[PDB]
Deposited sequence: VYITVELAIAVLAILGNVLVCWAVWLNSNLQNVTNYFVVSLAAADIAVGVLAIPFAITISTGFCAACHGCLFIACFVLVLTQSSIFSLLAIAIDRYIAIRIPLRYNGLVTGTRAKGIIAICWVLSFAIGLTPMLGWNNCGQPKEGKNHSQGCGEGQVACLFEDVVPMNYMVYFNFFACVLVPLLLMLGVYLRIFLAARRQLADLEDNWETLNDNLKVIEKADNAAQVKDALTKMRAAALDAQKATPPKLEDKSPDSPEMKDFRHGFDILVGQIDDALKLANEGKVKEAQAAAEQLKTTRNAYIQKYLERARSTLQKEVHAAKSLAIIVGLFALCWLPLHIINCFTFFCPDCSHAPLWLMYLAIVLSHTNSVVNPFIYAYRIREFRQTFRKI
């Protein structure tokens, strides 16, 4: 039962995520910093699928060996999880930068810096993974009955997770800080990302609404005064929207508005409306082209952000229950120990996470869809 599902999930991990690594290599279209991060995460998934499943299946029954080796068997999954969480945080930061500040996105994001951050986060993940090895372990604590049952020699120690790895260390430091604080920061980042996109779309629509309504009032107006009032709002909206296509269009538009305002200050309303009709051409052409490009660009950014948010949510909801039951067991010693059959089920769910990643990229991103069908 348990042995069957672990092997079944393991096989889907390699072949499922090797395509994601394969796709980034045989498709120049899908190659950027976000893909570099997600392929680092995919390499972490490859590593967990290849190694942790045999490690879990051999530690589930028992494999007596040196205490350091057994501790490594248990910390390898944790380091491959910390790598994934760091990669997800980097992805979230990349998306926030790209959407909030598109002008400086290319300036502040570079491939060399992305590779450097990937290396830094991987070695940092190794730091947490190897932290229990050095000094913080439970090797010194005797288990007489156990070591007699498995026939443990002096050098070799039996493998039993909860009694070989520091439970208090795990529950206190491993969960709280380096899981949650990344998760809370990531949630705040995603909320900020969506708020920024909504605000930007609202601002563009408001500027278009002003540049249309004021013009309509211009033809539907009279006795100057209102004309000079409306062109002031036109200038304000045009400058705000501007802050070769966009620049030249807005320069021509503000020049025409200045001409109309200068010609209407003298009191010549007929040619004031003539100049408004003159505006009506540049408005249509350049402003409509700019708006149609901007809306599609923002929609694409929002779609990418939603995809990555879904990946994050799946990661969190797959790695949450195990830690929750672990901290429940730690903080209620008087409570009866959690059932073995349920604990194994939760571990299966956690490892399942690696399988889920390629399915999202094969179902939502059309760029990966074509190349997977190619294979």
Where does the model have holes with respect to the deposited sequence? 244 to 259
